[PDB]
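**Q** Just passing along the structure, written as C-alpha cells.
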Amino acid sequence: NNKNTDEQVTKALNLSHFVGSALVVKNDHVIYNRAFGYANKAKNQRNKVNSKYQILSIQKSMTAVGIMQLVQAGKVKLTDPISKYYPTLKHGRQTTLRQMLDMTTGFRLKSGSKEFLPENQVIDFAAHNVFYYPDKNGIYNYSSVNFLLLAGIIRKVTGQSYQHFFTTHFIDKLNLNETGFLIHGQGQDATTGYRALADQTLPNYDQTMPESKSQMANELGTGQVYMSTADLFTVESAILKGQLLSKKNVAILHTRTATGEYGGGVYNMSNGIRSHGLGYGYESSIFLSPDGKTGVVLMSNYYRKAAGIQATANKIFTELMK
C-alpha cells in the first residue's frame, strides 16, 4: 500500500539522517515523493519535492548517450583513437572512445584551471595537462577527465557547445523544466550545499560549501548540471526505454568490461543500472530497473560520509524489486 510505503520509506530516510529529495517509482507509477531538511538554512527555506540538486557524476551517463547518438549518425566510431580528435596529445594516443566511456584508460587530470575558462579553453587545458599511466590502460579505474574529453569530442564534431548539445537533446527533447547549468543559476527552488565533519550524522548547517565559477566550468561533461529528482528519473528512464537512442544502441553502450561493472557511463549491475555522484557538499544516487519502469532517486545538498545516501537508495531499491 502507499500508506505502508510512506511509513516504511520515511522511517528509512529519518534513521539515515536524510536531507534532500526522495523519489520512488514502481511500474511507471510514483509511489513516494517527499523532501526533508533545508535547501538554505539561513534563509529558512525547506527542501521541496521539486528543489534542484547537483546531478554530479550522473551527468556522465548523459555525455555517453550523446557520444552514442553521434555513432548512430555516422559521425564518430567507438573504435576511434583519442588522437583523431586531440592531435597534440603526447601519450595514450591509441586510447579508444569505447575505453573512455568505460573508465578503462590511463588518463588522469590532477587539477583543472584555477581561472574561469570558456568551454573551448577548458578542453584545451585538459588535453595539455592530462597525465597518462600505461599500467592503467585497459583496467577499470574511475577518472573524470575521460568524460570531459568526450564532451570535447561532442563539441568538435557538432561545431556547437556542449551546453547547446545538452539543451537540445535532453532539456528540449524531454521538456525538462527543472534542469540546467549551475553556472547560469538555479532559479526557483534552488539549493545550497553544506559542508560536513568526518563523523557527522545529525545535520547542523553550520558551514556552507563554496563552489567557484572555475569549479563549475571545469565540470564540463561531468558534473555541471542541476535537476529535480523528477527530471533525473525522466532522463534515465527515457534512456533505458529507448526514447533517446535505439534500444539496440543502448545495449551496445551499456556493456560492462572484463574488469568492471562500469560501461557506457553507468554501472551495469545484476538488477539494473546504478549511478552515483559526490561533490561540492552534494550527493546523488539513482538505481533503476533494466526496463526503466522501477527505481529510486535520492539527491542531497548535505553530503555526510557517515550518513551516505547511496546505501539508503540501495536498501529501498532491493525491497522495491521484490
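Please note that chains go A, B, ... in the order of the C-alpha cells, that every chain numbers its residues from 1, and that ligands are numbered from 1 in the order shown.
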For segment 194-206 of chain A, work out the shell of residues within 7 Å, counting only C-alpha atoms and skipping chain neighbours fewer than 4 positions away, then give it as a ChimeraX atom specification.
**A** /A:17,41,281,301-307
**Q** Output N, CA, C and O atoms for every residue in that selection, as a PDB file, in the first residue's frame.
**A**
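File written: out32.pdb
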ATOM      1  N   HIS A  17      19.255  10.043   8.551  1.00  0.00           N
ATOM      2  CA  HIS A  17      19.517  11.469   8.627  1.00  0.00           C
ATOM      3  C   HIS A  17      19.432  12.158   7.249  1.00  0.00           C
ATOM      4  O   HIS A  17      20.179  13.098   6.990  1.00  0.00           O
ATOM      5  N   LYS A  41      19.390  27.029   5.089  1.00  0.00           N
ATOM      6  CA  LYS A  41      19.003  27.182   6.489  1.00  0.00           C
ATOM      7  C   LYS A  41      18.951  28.665   6.885  1.00  0.00           C
ATOM      8  O   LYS A  41      18.001  29.101   7.533  1.00  0.00           O
ATOM      9  N   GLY A 281      29.500  19.390  -1.587  1.00  0.00           N
ATOM     10  CA  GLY A 281      28.532  19.321  -0.496  1.00  0.00           C
ATOM     11  C   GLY A 281      27.301  18.480  -0.846  1.00  0.00           C
ATOM     12  O   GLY A 281      26.404  18.300  -0.017  1.00  0.00           O
ATOM     13  N   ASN A 301      21.679  17.853  -0.635  1.00  0.00           N
ATOM     14  CA  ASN A 301      22.542  19.024  -0.550  1.00  0.00           C
ATOM     15  C   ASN A 301      23.390  19.045   0.737  1.00  0.00           C
ATOM     16  O   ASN A 301      23.950  20.074   1.075  1.00  0.00           O
ATOM     17  N   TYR A 302      23.556  17.902   1.404  1.00  0.00           N
ATOM     18  CA  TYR A 302      24.241  17.858   2.704  1.00  0.00           C
ATOM     19  C   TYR A 302      24.914  16.502   2.865  1.00  0.00           C
ATOM     20  O   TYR A 302      24.564  15.675   3.729  1.00  0.00           O
ATOM     21  N   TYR A 303      25.886  16.250   1.986  1.00  0.00           N
ATOM     22  CA  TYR A 303      26.645  15.016   1.997  1.00  0.00           C
ATOM     23  C   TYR A 303      27.342  14.810   3.339  1.00  0.00           C
ATOM     24  O   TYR A 303      28.027  15.712   3.834  1.00  0.00           O
ATOM     25  N   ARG A 304      27.160  13.604   3.893  1.00  0.00           N
ATOM     26  CA  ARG A 304      27.838  13.174   5.113  1.00  0.00           C
ATOM     27  C   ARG A 304      28.353  11.755   4.901  1.00  0.00           C
ATOM     28  O   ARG A 304      27.553  10.856   4.681  1.00  0.00           O
ATOM     29  N   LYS A 305      29.685  11.558   4.905  1.00  0.00           N
ATOM     30  CA  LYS A 305      30.243  10.227   4.704  1.00  0.00           C
ATOM     31  C   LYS A 305      29.660   9.213   5.698  1.00  0.00           C
ATOM     32  O   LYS A 305      29.512   8.035   5.389  1.00  0.00           O
ATOM     33  N   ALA A 306      29.302   9.661   6.906  1.00  0.00           N
ATOM     34  CA  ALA A 306      28.805   8.787   7.956  1.00  0.00           C
ATOM     35  C   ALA A 306      27.312   8.560   7.820  1.00  0.00           C
ATOM     36  O   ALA A 306      26.758   7.783   8.594  1.00  0.00           O
ATOM     37  N   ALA A 307      26.661   9.271   6.874  1.00  0.00           N
ATOM     38  CA  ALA A 307      25.246   9.086   6.561  1.00  0.00           C
ATOM     39  C   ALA A 307      25.037   9.180   5.039  1.00  0.00           C
ATOM     40  O   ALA A 307      24.275  10.024   4.542  1.00  0.00           O
TER      41      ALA A 307
END
**Q** If you run DSSP on this backbone, which residues of segment 47-188 of chain A come out as strand (DSSP E or B), and could you give them as a PyMOL selection string?
**A** chain A and resi 53-54+81+96+107-108+131-132+179-181
**Q** May I have the selected residues written with C-alpha atoms, as a PDB file, in the first residue's frame?
**A**
ATOM      1  CA  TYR A  53      20.235  19.466  -6.782  1.00  0.00           C
ATOM      2  CA  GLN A  54      23.619  18.722  -8.406  1.00  0.00           C
ATOM      3  CA  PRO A  81      41.561   6.644 -31.231  1.00  0.00           C
ATOM      4  CA  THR A  96      39.598   4.374 -27.904  1.00  0.00           C
ATOM      5  CA  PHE A 107      44.347   9.233 -18.343  1.00  0.00           C
ATOM      6  CA  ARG A 108      44.138  11.438 -15.245  1.00  0.00           C
ATOM      7  CA  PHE A 131      48.758  12.564 -17.277  1.00  0.00           C
ATOM      8  CA  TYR A 132      48.948   9.111 -18.914  1.00  0.00           C
ATOM      9  CA  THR A 179      17.136  21.253 -15.313  1.00  0.00           C
ATOM     10  CA  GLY A 180      20.039  23.450 -16.311  1.00  0.00           C
ATOM     11  CA  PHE A 181      23.650  24.543 -15.891  1.00  0.00           C
TER      12      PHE A 181
END
**Q** Show which residues sit within 6 Å of residue 102 of chain A, as JSON, numbers by chain. Count only C-alpha atoms, and ignore same-chain residues fewer than 2 positions away.
**A** {"A": [99, 100, 104, 262, 263, 264]}
**Q** Could you find all residues in segment 91-125 of chain A that DSSP calls helix (DSSP H, G or I) from the backbone, and write them as a ChimeraX atom specification?
**A** /A:97-101,119-125
**Q** Name the residues in contact with residue 20 of chain A at a cut-off of 8 Å, using only C-alpha atoms, excluding same-chain residues fewer than 2 positions from it; report them as a PyMOL selection string.
**A** chain A and resi 18+22+35-39+47-48+298-302
**Q** For the selection just defined, write its residues with C-alpha atoms to a file, as a short mmCIF file (atom, residue, chain, number, x, y, z; two decimals), in the first residue's frame.
**A**
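result20.cif written:
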data_model
loop_
_atom_site.label_atom_id
_atom_site.label_comp_id
_atom_site.auth_asym_id
_atom_site.auth_seq_id
_atom_site.Cartn_x
_atom_site.Cartn_y
_atom_site.Cartn_z
CA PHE A 18 18.35 12.24 5.04
CA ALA A 22 13.47 11.32 -2.48
CA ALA A 35 11.62 16.22 0.73
CA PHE A 36 13.46 16.62 4.04
CA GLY A 37 15.56 19.28 5.79
CA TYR A 38 16.65 22.65 4.43
CA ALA A 39 17.56 23.92 0.94
CA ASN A 47 13.85 21.48 0.60
CA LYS A 48 10.88 20.73 -1.66
CA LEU A 298 17.83 10.34 -3.85
CA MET A 299 19.62 13.67 -4.08
CA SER A 300 21.10 15.52 -1.10
CA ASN A 301 22.54 19.02 -0.55
CA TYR A 302 24.24 17.86 2.70
#
**Q** Using only C-alpha atoms, pick whichever of A:310, A:45, A:24, A:291 has the shortest atom-to-atom distance to residue 243 of chain A.
**A**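 Closest to residue 243 of chain A, using only C-alpha atoms: A:291.
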**Q** Choose the residue, out of A:13, A:5, A:128, A:140, that has the smallest atom-to-atom separation from residue 311 of chain A; count only C-alpha atoms.
**A**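 Nearest to residue 311 of chain A: A:13.
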**Q** Please, what distance in Å, to one decimal, runs between atom CA of residue 241 of chain A and atom CA of residue 74 of chain A?
**A**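 About the pair atom CA of residue 241 of chain A and atom CA of residue 74 of chain A: they are 22.3 Å apart.
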**Q** Pick out the closest residue to residue 173 of chain A from this set: A:122, A:97, A:244, A:286. Count only C-alpha atoms.
**A**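 Once distances to residue 173 of chain A are computed over only C-alpha atoms, the minimum belongs to A:244.
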**Q** Using only C-alpha atoms, which residue out of A:313, A:68, A:190, A:76 lies closest to residue 251 of chain A?
**A**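 The shortest atom-to-atom distance to residue 251 of chain A comes from A:68.
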